[PDB]
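Trainee: Just dropping this structure here.
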Amino acid sequence: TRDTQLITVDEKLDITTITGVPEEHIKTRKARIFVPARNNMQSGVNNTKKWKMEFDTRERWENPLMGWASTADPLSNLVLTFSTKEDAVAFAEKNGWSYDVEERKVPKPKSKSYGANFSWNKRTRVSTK
Amino acid sequence: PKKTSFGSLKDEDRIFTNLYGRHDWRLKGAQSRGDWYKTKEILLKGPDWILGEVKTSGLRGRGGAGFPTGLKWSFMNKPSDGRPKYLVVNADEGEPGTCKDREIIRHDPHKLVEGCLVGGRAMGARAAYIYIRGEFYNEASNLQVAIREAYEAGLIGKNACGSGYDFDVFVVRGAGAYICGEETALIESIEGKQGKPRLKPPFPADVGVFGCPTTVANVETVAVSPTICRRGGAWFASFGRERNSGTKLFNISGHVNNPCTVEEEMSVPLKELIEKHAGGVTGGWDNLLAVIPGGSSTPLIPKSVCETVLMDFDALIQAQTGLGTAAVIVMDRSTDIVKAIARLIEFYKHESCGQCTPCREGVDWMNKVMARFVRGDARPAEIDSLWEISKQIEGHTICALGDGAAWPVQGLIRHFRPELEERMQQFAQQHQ
Amino acid sequence: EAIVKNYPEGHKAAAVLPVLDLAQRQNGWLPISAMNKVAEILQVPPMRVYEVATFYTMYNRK
Ligand SMILES: Cc1cc2nc3c(=O)[nH]c(=O)nc-3n(C[C@H](O)[C@H](O)[C@H](O)COP(=O)(O)O)c2cc1C
Ligand code: SF4
């Protein structure tokens with residue numbers, strides 16, 4: 001079908017030598033693959049649906065002139081979005097980044113009952129409505 | 001066969017024979033008028049027979065909703081799950097224009113008490129809590145005195161009427177909230193909390209007062225049950241139209257010559273009821289402007305509709321209103337119809353429990369717009385705005401108080417839009 | 001104690017409304033001290049009595 005004369009390459013994919021990233025920011029960084037925690041000030045859950053990859057925080061110092069926050073870390077604002085955990089781990093492995101993976105924390109199903117607010121002999125009865 | 005015209009009810013068919021309090025209201029007076037007669041035999045026939053009679057009679061709730069009473073009392077006809085079963089009689093009587101429940105308590109406080117026993121027996125309840133308006137202090141006392149006599153005569157309490165059935169009747173007074181007439185808000189008040197209605201589908205027949213099965217029934221609904229059980233459901237069904245069976249108490253107030261409270265057969269023509277019993281409209285049946293046929297909750301209807309409309313649930317529903325509590329409020333042509341309905345919306349803004357959003361904010365919003373329509377300080381385009389705001393309250397609230405505040409506004413804009421617009425032109429040309 | 005016995009055991013909080021009214025009948029109005037005293041005898045949080053006192057119009061808080 002695919003008449004292209006393919007070859008065989010039985011080694012793990014690795015593109016660290018062709019991505020142009022300096023050695024300092026490959027072997028010393030620590031990627032963090034995680035599903036962002038819900039912002040506790042809001043009840044919305046639309047920002048907890050994709051996996052992110054962020055890097056370890058590094059020093060920020062005050063600019064002597066204006067007091068602005070300065071950085072020497074080129075990857076400080078880098079956030080990558082991935083559809084699944086396996087996709088994120090694949091991207092980190094081929095770039096030569098050491099990574100920590102945190103399994104998604106999903107809310108457990110809860111048994112809600114408006115009627116329990118007015119129980120005859122249980123402590124779920126509320127004193128105010 | 002069936003009848004076509006209704007009214008002219010004979011005194012021998014009336015149930016509240018001491019409505020005007022011209023005979024003894026104590027136990028001896030009640031018994032001489034048939035109350036507490038052969039009550040033991042009613043109890044011994046069991047809940048099924050009592051529930052059957054109410055079903056056959058076609059009785060419907062007299063509190064304002066008009067659900068089939070016989071069908072509503074059968075939810076408590078279930079085995080016991082270990083919890084006590086109670087009956088809550090709704091004597092709050094807070095609907096503007098409504099005074100019927102005051103007379104039953106103050107002048108026949110033994111049909112109500114007997115009704116509790118018969119109604120309680122049907123539901124299998126252990127006791128009845130009667131929630132009476134807090135302003136009705138004197139009426140609550142007569143109710144207590146009658147309850148004391150019933151206890152001393154063995155009619156209630158342990159071994160009620162010699163039937164082996166134990167039933168206690170308690171009276172709990174409110175504290176001045178119209179919302180406590182709502183069945184669930186009444187229950188929350190008995191439990192010591194604010195008068196805030198509960199949500200459904202946890203129904204009072206499953207989780208009610210103290211989290212127990214309960215039935216909330218109006219005083220009139222409960223005060224006619226013993227008579228139906230005696231004279232039969234067939235007798236009661238002989239009055240009114242089909243599905244509107246029974247005799248109904250009426251409060252004719254407002255711009256009538258002789259405002260009064262009378263009993264009359266259901267389906268009675270509205271014109272006949274005012275003319276025959278209330279002495280007609282002030283200035284004859286040509287000074288009539290509009291009528292509120294079922295208390296403030298129901299929309300008004302203009303003179304044109306009042307010519308032939310009949311006082312029953314189905315007929316008034318077809319007239320874009322409701323029977324409600326049968327509290328007829330009559331307004332003549334000297335009335336400021338906009339101002340009359342503005343005061344009703346101010347009433348609902350002072351009686352909103354404040355729990356749910358649409359009536360906490362919406363009713364207070366309708367009140368301010370109405371307060372400007374009265375003065376005409378508004379544009380005609382705000383009438384449709386007021387209509388839409390009304391439809392956002394109706395059906396989106398926990399309880400029907402929100403619905404009862406939307407309907408009066410809708411009635412005003414349905415039949416008297418020309419009056420509202422004219423009021424705005426007068427203001428516009430004056431306050432250039 | 002007669003009012004408190006009109007309600008099932010374990011639901012003494014049902015007596016706030018009649019016992020608050022009784023306090024007002026004796027006194028003529030409801031000072032904050034009166035509200036607290038009703039909370040003590042019924043073993044109900046004081047804020048729950050304040051909710052009842054402020055909700056119903058008949059209670060006089062002045
Ligand atoms: C805002 C509001 C006030 C009410 N006030 C009363 C009342 O004063 N007396 C009454 O019997 N029903 C009142 N009801 C109706 C009750 O919720 C319930 O429908 C009725 O008491 C049930 O008893 P019934 O079968 O005799 O109608 C009110 C409903 C609402 C929404
Ligand atoms: S509609 Fe009004 S009175 Fe009824 S529960 Fe909602 S806020 Fe309370």
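We label chains A, B, ... in the order they appear in the structure tokens, count residues from 1 in each chain, and number ligands from 1 in the order shown.
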If the limit is 8 Å from any atom of ligand 1, counting only C-alpha atoms and all ligand atoms, which residues qualify? Return them as a PDB file with N, CA, C and O atoms, in the first residue's frame.
Mentor:
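Final output, part16.pdb:
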```
ATOM      1  N   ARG B  60     -62.182  19.322  46.454  1.00  0.00           N
ATOM      2  CA  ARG B  60     -60.892  19.857  46.056  1.00  0.00           C
ATOM      3  C   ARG B  60     -60.443  20.882  47.086  1.00  0.00           C
ATOM      4  O   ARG B  60     -61.264  21.551  47.718  1.00  0.00           O
ATOM      5  N   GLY B  61     -59.129  20.997  47.248  1.00  0.00           N
ATOM      6  CA  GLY B  61     -58.560  21.842  48.277  1.00  0.00           C
ATOM      7  C   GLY B  61     -59.100  23.255  48.266  1.00  0.00           C
ATOM      8  O   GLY B  61     -59.210  23.884  47.211  1.00  0.00           O
ATOM      9  N   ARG B  62     -59.431  23.768  49.447  1.00  0.00           N
ATOM     10  CA  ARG B  62     -60.019  25.089  49.597  1.00  0.00           C
ATOM     11  C   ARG B  62     -58.992  26.149  49.968  1.00  0.00           C
ATOM     12  O   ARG B  62     -59.366  27.301  50.209  1.00  0.00           O
ATOM     13  N   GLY B  63     -57.707  25.790  50.018  1.00  0.00           N
ATOM     14  CA  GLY B  63     -56.683  26.734  50.426  1.00  0.00           C
ATOM     15  C   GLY B  63     -56.237  27.690  49.345  1.00  0.00           C
ATOM     16  O   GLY B  63     -55.721  28.765  49.662  1.00  0.00           O
ATOM     17  N   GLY B  64     -56.424  27.331  48.079  1.00  0.00           N
ATOM     18  CA  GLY B  64     -56.016  28.192  46.987  1.00  0.00           C
ATOM     19  C   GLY B  64     -55.460  27.437  45.800  1.00  0.00           C
ATOM     20  O   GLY B  64     -55.391  27.977  44.694  1.00  0.00           O
ATOM     21  N   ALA B  65     -55.054  26.187  46.012  1.00  0.00           N
ATOM     22  CA  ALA B  65     -54.509  25.370  44.936  1.00  0.00           C
ATOM     23  C   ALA B  65     -55.570  24.490  44.287  1.00  0.00           C
ATOM     24  O   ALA B  65     -55.535  24.274  43.072  1.00  0.00           O
ATOM     25  N   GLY B  66     -56.510  23.980  45.072  1.00  0.00           N
ATOM     26  CA  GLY B  66     -57.584  23.163  44.536  1.00  0.00           C
ATOM     27  C   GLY B  66     -57.165  21.811  44.004  1.00  0.00           C
ATOM     28  O   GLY B  66     -57.673  21.378  42.964  1.00  0.00           O
ATOM     29  N   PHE B  67     -56.251  21.131  44.686  1.00  0.00           N
ATOM     30  CA  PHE B  67     -55.957  19.755  44.323  1.00  0.00           C
ATOM     31  C   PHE B  67     -57.055  18.831  44.845  1.00  0.00           C
ATOM     32  O   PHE B  67     -57.672  19.114  45.874  1.00  0.00           O
ATOM     33  N   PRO B  68     -57.327  17.719  44.152  1.00  0.00           N
ATOM     34  CA  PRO B  68     -58.321  16.768  44.667  1.00  0.00           C
ATOM     35  C   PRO B  68     -57.996  16.309  46.079  1.00  0.00           C
ATOM     36  O   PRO B  68     -56.999  15.616  46.299  1.00  0.00           O
ATOM     37  N   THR B  69     -58.837  16.686  47.043  1.00  0.00           N
ATOM     38  CA  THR B  69     -58.535  16.401  48.443  1.00  0.00           C
ATOM     39  C   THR B  69     -58.513  14.902  48.712  1.00  0.00           C
ATOM     40  O   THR B  69     -57.608  14.395  49.383  1.00  0.00           O
ATOM     41  N   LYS B  72     -55.385  13.498  47.496  1.00  0.00           N
ATOM     42  CA  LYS B  72     -54.208  14.001  48.194  1.00  0.00           C
ATOM     43  C   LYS B  72     -54.025  13.349  49.556  1.00  0.00           C
ATOM     44  O   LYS B  72     -52.896  13.266  50.050  1.00  0.00           O
ATOM     45  N   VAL B  89     -53.238  21.278  60.024  1.00  0.00           N
ATOM     46  CA  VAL B  89     -54.361  22.047  59.503  1.00  0.00           C
ATOM     47  C   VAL B  89     -53.897  23.481  59.303  1.00  0.00           C
ATOM     48  O   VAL B  89     -53.402  24.118  60.238  1.00  0.00           O
ATOM     49  N   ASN B  90     -54.058  23.991  58.087  1.00  0.00           N
ATOM     50  CA  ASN B  90     -53.545  25.309  57.724  1.00  0.00           C
ATOM     51  C   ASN B  90     -54.621  26.348  58.013  1.00  0.00           C
ATOM     52  O   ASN B  90     -55.559  26.524  57.233  1.00  0.00           O
ATOM     53  N   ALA B  91     -54.476  27.045  59.139  1.00  0.00           N
ATOM     54  CA  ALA B  91     -55.364  28.132  59.520  1.00  0.00           C
ATOM     55  C   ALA B  91     -54.664  29.482  59.464  1.00  0.00           C
ATOM     56  O   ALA B  91     -55.054  30.410  60.178  1.00  0.00           O
ATOM     57  N   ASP B  92     -53.625  29.608  58.637  1.00  0.00           N
ATOM     58  CA  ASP B  92     -52.902  30.871  58.553  1.00  0.00           C
ATOM     59  C   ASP B  92     -53.792  31.977  58.003  1.00  0.00           C
ATOM     60  O   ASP B  92     -53.802  33.094  58.532  1.00  0.00           O
ATOM     61  N   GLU B  93     -54.547  31.688  56.947  1.00  0.00           N
ATOM     62  CA  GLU B  93     -55.533  32.617  56.401  1.00  0.00           C
ATOM     63  C   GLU B  93     -54.925  34.004  56.195  1.00  0.00           C
ATOM     64  O   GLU B  93     -55.311  34.986  56.830  1.00  0.00           O
ATOM     65  N   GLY B  94     -53.953  34.070  55.290  1.00  0.00           N
ATOM     66  CA  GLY B  94     -53.232  35.306  55.059  1.00  0.00           C
ATOM     67  C   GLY B  94     -53.511  35.965  53.724  1.00  0.00           C
ATOM     68  O   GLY B  94     -53.104  37.107  53.500  1.00  0.00           O
ATOM     69  N   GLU B  95     -54.203  35.268  52.837  1.00  0.00           N
ATOM     70  CA  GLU B  95     -54.496  35.804  51.516  1.00  0.00           C
ATOM     71  C   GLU B  95     -55.356  37.058  51.639  1.00  0.00           C
ATOM     72  O   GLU B  95     -56.428  37.000  52.259  1.00  0.00           O
ATOM     73  N   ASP B 101     -61.795  31.356  56.761  1.00  0.00           N
ATOM     74  CA  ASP B 101     -61.229  30.488  57.785  1.00  0.00           C
ATOM     75  C   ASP B 101     -61.329  31.095  59.177  1.00  0.00           C
ATOM     76  O   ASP B 101     -61.240  30.361  60.166  1.00  0.00           O
ATOM     77  N   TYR B 178     -47.150  36.045  56.192  1.00  0.00           N
ATOM     78  CA  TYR B 178     -48.076  35.493  55.209  1.00  0.00           C
ATOM     79  C   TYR B 178     -47.527  34.226  54.570  1.00  0.00           C
ATOM     80  O   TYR B 178     -48.294  33.313  54.250  1.00  0.00           O
ATOM     81  N   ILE B 179     -46.208  34.150  54.381  1.00  0.00           N
ATOM     82  CA  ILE B 179     -45.609  32.994  53.728  1.00  0.00           C
ATOM     83  C   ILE B 179     -45.839  31.715  54.517  1.00  0.00           C
ATOM     84  O   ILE B 179     -45.793  30.623  53.943  1.00  0.00           O
ATOM     85  N   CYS B 180     -46.090  31.813  55.821  1.00  0.00           N
ATOM     86  CA  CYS B 180     -46.325  30.618  56.621  1.00  0.00           C
ATOM     87  C   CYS B 180     -47.632  29.922  56.275  1.00  0.00           C
ATOM     88  O   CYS B 180     -47.938  28.890  56.881  1.00  0.00           O
ATOM     89  N   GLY B 181     -48.415  30.455  55.337  1.00  0.00           N
ATOM     90  CA  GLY B 181     -49.556  29.716  54.833  1.00  0.00           C
ATOM     91  C   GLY B 181     -49.166  28.655  53.831  1.00  0.00           C
ATOM     92  O   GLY B 181     -49.869  27.651  53.683  1.00  0.00           O
ATOM     93  N   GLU B 182     -48.052  28.855  53.134  1.00  0.00           N
ATOM     94  CA  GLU B 182     -47.526  27.829  52.248  1.00  0.00           C
ATOM     95  C   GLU B 182     -47.269  26.559  53.048  1.00  0.00           C
ATOM     96  O   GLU B 182     -46.775  26.609  54.176  1.00  0.00           O
ATOM     97  N   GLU B 183     -47.613  25.411  52.462  1.00  0.00           N
ATOM     98  CA  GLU B 183     -47.673  24.183  53.248  1.00  0.00           C
ATOM     99  C   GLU B 183     -46.319  23.832  53.851  1.00  0.00           C
ATOM    100  O   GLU B 183     -46.240  23.445  55.022  1.00  0.00           O
ATOM    101  N   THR B 184     -45.241  23.953  53.075  1.00  0.00           N
ATOM    102  CA  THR B 184     -43.929  23.610  53.610  1.00  0.00           C
ATOM    103  C   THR B 184     -43.391  24.706  54.524  1.00  0.00           C
ATOM    104  O   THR B 184     -42.761  24.410  55.542  1.00  0.00           O
ATOM    105  N   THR B 215     -49.769  15.721  56.326  1.00  0.00           N
ATOM    106  CA  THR B 215     -50.683  16.290  55.348  1.00  0.00           C
ATOM    107  C   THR B 215     -51.051  17.691  55.796  1.00  0.00           C
ATOM    108  O   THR B 215     -51.424  17.896  56.955  1.00  0.00           O
ATOM    109  N   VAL B 216     -50.949  18.651  54.886  1.00  0.00           N
ATOM    110  CA  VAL B 216     -51.344  20.026  55.152  1.00  0.00           C
ATOM    111  C   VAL B 216     -52.666  20.264  54.442  1.00  0.00           C
ATOM    112  O   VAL B 216     -52.743  20.170  53.211  1.00  0.00           O
ATOM    113  N   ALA B 217     -53.704  20.562  55.214  1.00  0.00           N
ATOM    114  CA  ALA B 217     -55.046  20.751  54.688  1.00  0.00           C
ATOM    115  C   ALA B 217     -55.650  22.022  55.264  1.00  0.00           C
ATOM    116  O   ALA B 217     -55.457  22.334  56.441  1.00  0.00           O
ATOM    117  N   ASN B 218     -56.383  22.747  54.426  1.00  0.00           N
ATOM    118  CA  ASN B 218     -57.015  23.986  54.843  1.00  0.00           C
ATOM    119  C   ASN B 218     -58.097  23.708  55.882  1.00  0.00           C
ATOM    120  O   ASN B 218     -58.600  22.589  56.013  1.00  0.00           O
ATOM    121  N   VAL B 219     -58.451  24.751  56.635  1.00  0.00           N
ATOM    122  CA  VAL B 219     -59.474  24.612  57.668  1.00  0.00           C
ATOM    123  C   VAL B 219     -60.802  24.198  57.048  1.00  0.00           C
ATOM    124  O   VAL B 219     -61.472  23.277  57.530  1.00  0.00           O
ATOM    125  N   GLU B 220     -61.203  24.876  55.972  1.00  0.00           N
ATOM    126  CA  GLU B 220     -62.469  24.546  55.326  1.00  0.00           C
ATOM    127  C   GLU B 220     -62.445  23.134  54.761  1.00  0.00           C
ATOM    128  O   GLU B 220     -63.435  22.401  54.858  1.00  0.00           O
ATOM    129  N   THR B 221     -61.323  22.733  54.163  1.00  0.00           N
ATOM    130  CA  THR B 221     -61.209  21.374  53.644  1.00  0.00           C
ATOM    131  C   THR B 221     -61.366  20.352  54.760  1.00  0.00           C
ATOM    132  O   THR B 221     -61.992  19.304  54.571  1.00  0.00           O
ATOM    133  N   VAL B 222     -60.793  20.636  55.929  1.00  0.00           N
ATOM    134  CA  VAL B 222     -60.871  19.698  57.042  1.00  0.00           C
ATOM    135  C   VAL B 222     -62.189  19.838  57.789  1.00  0.00           C
ATOM    136  O   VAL B 222     -62.665  18.870  58.392  1.00  0.00           O
ATOM    137  N   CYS B 399     -41.627  28.421  45.803  1.00  0.00           N
ATOM    138  CA  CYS B 399     -43.016  28.368  46.226  1.00  0.00           C
ATOM    139  C   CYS B 399     -43.864  29.224  45.295  1.00  0.00           C
ATOM    140  O   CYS B 399     -43.354  29.934  44.428  1.00  0.00           O
ATOM    141  N   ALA B 400     -45.178  29.151  45.487  1.00  0.00           N
ATOM    142  CA  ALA B 400     -46.132  29.812  44.608  1.00  0.00           C
ATOM    143  C   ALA B 400     -46.390  31.265  44.979  1.00  0.00           C
ATOM    144  O   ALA B 400     -47.194  31.919  44.311  1.00  0.00           O
ATOM    145  N   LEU B 401     -45.742  31.788  46.021  1.00  0.00           N
ATOM    146  CA  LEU B 401     -45.868  33.214  46.306  1.00  0.00           C
ATOM    147  C   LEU B 401     -45.323  34.043  45.154  1.00  0.00           C
ATOM    148  O   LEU B 401     -45.894  35.081  44.802  1.00  0.00           O
ATOM    149  N   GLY B 402     -44.218  33.605  44.554  1.00  0.00           N
ATOM    150  CA  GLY B 402     -43.719  34.288  43.375  1.00  0.00           C
ATOM    151  C   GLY B 402     -44.718  34.275  42.236  1.00  0.00           C
ATOM    152  O   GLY B 402     -44.916  35.287  41.561  1.00  0.00           O
ATOM    153  N   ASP B 403     -45.364  33.129  42.005  1.00  0.00           N
ATOM    154  CA  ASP B 403     -46.407  33.069  40.987  1.00  0.00           C
ATOM    155  C   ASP B 403     -47.570  33.980  41.347  1.00  0.00           C
ATOM    156  O   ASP B 403     -48.143  34.642  40.476  1.00  0.00           O
ATOM    157  N   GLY B 404     -47.933  34.027  42.628  1.00  0.00           N
ATOM    158  CA  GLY B 404     -49.041  34.854  43.063  1.00  0.00           C
ATOM    159  C   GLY B 404     -48.778  36.337  42.960  1.00  0.00           C
ATOM    160  O   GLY B 404     -49.727  37.126  43.010  1.00  0.00           O
TER     161      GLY B 404
END
```
Trainee: Could you list, with a cut-off of 6 Å and counting only C-alpha atoms, the residues of chain B near chain A, each shown with its nearest atom pair and the distance in Å rounded to one decimal, rows sorted by chain and ascending number, as JSON lines?
Mentor:
```
{"residue": "B:202", "atom": "CA", "partner": "A:115", "partner_atom": "CA", "distance": 5.6}
{"residue": "B:210", "atom": "CA", "partner": "A:120", "partner_atom": "CA", "distance": 5.6}
{"residue": "B:211", "atom": "CA", "partner": "A:120", "partner_atom": "CA", "distance": 4.5}
```
Trainee: Keeping only C-alpha atoms, write those residues as a tab-separated table (two decimals), in the first residue's frame.
Mentor:
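Dumped to result-v6.tsv:
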```
chain	number	residue	atom	x	y	z
B	202	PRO	CA	-39.35	15.46	49.09
B	210	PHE	CA	-40.14	16.87	62.12
B	211	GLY	CA	-39.12	14.89	59.05
```
Trainee: Mind listing as a ChimeraX atom specification which residues of chain C are within 10 Å of chain A, counting only C-alpha atoms?
Mentor: /C:10-11,13,44-45,47-48,51
Trainee: Next, dump the selected residues to file, keeping only N, CA, C and O atoms, as an mmCIF file, in the first residue's frame.
Mentor:
```
data_model
loop_
_atom_site.group_PDB
_atom_site.id
_atom_site.type_symbol
_atom_site.label_atom_id
_atom_site.label_comp_id
_atom_site.auth_asym_id
_atom_site.auth_seq_id
_atom_site.Cartn_x
_atom_site.Cartn_y
_atom_site.Cartn_z
ATOM 1 N N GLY C 10 -36.651 15.272 71.443
ATOM 2 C CA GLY C 10 -35.565 15.462 70.510
ATOM 3 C C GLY C 10 -35.790 16.558 69.495
ATOM 4 O O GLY C 10 -34.960 16.724 68.593
ATOM 5 N N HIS C 11 -36.885 17.302 69.606
ATOM 6 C CA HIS C 11 -37.189 18.429 68.734
ATOM 7 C C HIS C 11 -37.668 19.614 69.562
ATOM 8 O O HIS C 11 -38.671 20.260 69.256
ATOM 9 N N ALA C 13 -36.375 22.446 69.732
ATOM 10 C CA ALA C 13 -36.235 23.696 68.997
ATOM 11 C C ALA C 13 -37.540 24.136 68.354
ATOM 12 O O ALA C 13 -37.633 25.280 67.904
ATOM 13 N N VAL C 44 -30.651 25.969 72.048
ATOM 14 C CA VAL C 44 -30.563 26.288 70.627
ATOM 15 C C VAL C 44 -29.520 27.389 70.473
ATOM 16 O O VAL C 44 -29.380 28.223 71.378
ATOM 17 N N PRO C 45 -28.765 27.436 69.380
ATOM 18 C CA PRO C 45 -27.805 28.525 69.203
ATOM 19 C C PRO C 45 -28.507 29.869 69.223
ATOM 20 O O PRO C 45 -29.605 30.009 68.666
ATOM 21 N N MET C 47 -27.995 32.533 67.529
ATOM 22 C CA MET C 47 -28.225 33.094 66.205
ATOM 23 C C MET C 47 -29.502 32.552 65.585
ATOM 24 O O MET C 47 -30.153 33.245 64.797
ATOM 25 N N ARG C 48 -29.879 31.321 65.924
ATOM 26 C CA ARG C 48 -31.116 30.766 65.390
ATOM 27 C C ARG C 48 -32.334 31.488 65.946
ATOM 28 O O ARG C 48 -33.336 31.643 65.239
ATOM 29 N N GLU C 51 -32.598 34.814 64.140
ATOM 30 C CA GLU C 51 -33.233 34.637 62.841
ATOM 31 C C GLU C 51 -34.750 34.645 62.965
ATOM 32 O O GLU C 51 -35.444 35.271 62.157
#
```
Trainee: CA of residue 322 (chain B) and CA of residue 70 (chain B) are how many Å apart?
Mentor: 20.7 Å
Trainee: When you look at region 27-30 of chain C with a cut-off of 8 Å (counting only C-alpha atoms), what residues show up, excluding the ones that are within fewer than 3 positions of it in the same chain? I need them as a PyMOL selection string.
Mentor: chain C and resi 23-24+33-35+59-62
Trainee: Take the residues from that selection and put them in a file with C-alpha atoms, as a PDB file, in the first residue's frame.
Mentor:
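What follows is the written file out13.pdb:
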```
ATOM      1  CA  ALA C  23     -41.166  36.322  76.582  1.00  0.00           C
ATOM      2  CA  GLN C  24     -42.636  39.297  74.723  1.00  0.00           C
ATOM      3  CA  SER C  33     -31.071  39.439  76.687  1.00  0.00           C
ATOM      4  CA  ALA C  34     -34.547  37.958  76.224  1.00  0.00           C
ATOM      5  CA  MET C  35     -33.488  36.297  72.967  1.00  0.00           C
ATOM      6  CA  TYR C  59     -42.031  40.181  67.533  1.00  0.00           C
ATOM      7  CA  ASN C  60     -41.024  43.609  68.831  1.00  0.00           C
ATOM      8  CA  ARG C  61     -37.269  44.202  68.900  1.00  0.00           C
ATOM      9  CA  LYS C  62     -37.718  47.798  70.094  1.00  0.00           C
TER      10      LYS C  62
END
```
Trainee: Go through the chains and note each residue within 12 Å of ligand 2, using only C-alpha atoms and all ligand atoms, then give the set as an NGL selection string.
Mentor: (:A and (129)) or (:B and (177-186 or 188 or 194-200 or 347-364 or 392-406)) or (:C and (55))
Trainee: Using only C-alpha atoms and a cut-off of 12 Å, which residues of chain C sit close to chain B? Please list them as a ChimeraX atom specification.
Mentor: /C:2-22,24,39,42,44-45,47-60
Trainee: Where does DSSP see alpha helix (DSSP H) in region 68-287 of chain B, if you list the residues as a ChimeraX atom specification?
Mentor: /B:69-72,100-107,111-123,137-152,183-190,219-223,225-231,233-237,270-278
Trainee: Do a neighbour search on residue 86 (chain B) at 6 Å with only C-alpha atoms, toss out local chain neighbours closer than 3 positions, and write the hits as a list in words.
Mentor: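 My reading of the contact set: residues 125, 126, 127, 128 and 214 of chain B.
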Trainee: If you measure from CA of residue 239 (chain B) to CA of residue 3 (chain B), what distance in Å do you get, rounded to one decimal?
Mentor: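 Interatomic distance, CA of residue 239 (chain B) to CA of residue 3 (chain B): 8.9 Å.
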Trainee: Do you have the CA of residue 83 (chain B)-CA of residue 213 (chain B) distance handy?
Mentor: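 Result for CA of residue 83 (chain B) versus CA of residue 213 (chain B): 7.6 Å, one decimal.
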Trainee: Just asking: which residues within region 104-192 of chain B are strand (DSSP E or B) according to DSSP, as an NGL selection string?
Mentor: :B and (127-132 or 157 or 167-173)
Trainee: Taking only C-alpha atoms into account, name the residue in A:4, A:27, A:39, A:49 that is nearest to residue 106 (chain A).
Mentor: A:49
Trainee: Give me the residues near residue 224 (chain B) as a PyMOL selection string, where near means some atom within 12 Å (using only C-alpha atoms) and where sequence neighbours in that chain fewer than 3 positions away do not count.
Mentor: chain B and resi 14-17+35+53-54+57+59-62+69+104+108+110-119+217-221+227-233+236+246-249
Trainee: Can you pull out the residues contacting region 21-25 of chain A? Cut-off 12 Å, using only C-alpha atoms, and skip same-chain residues under 4 positions away; I want them as a count of residues only.
Mentor: 18
Trainee: Write out as an MDAnalysis selection string each polymer residue whose atoms come within 7 Å of residue 234 (chain B), counting only C-alpha atoms; drop sequence neighbours fewer than 3 positions from it.
Mentor: chainID B and resid 56:57 237:238
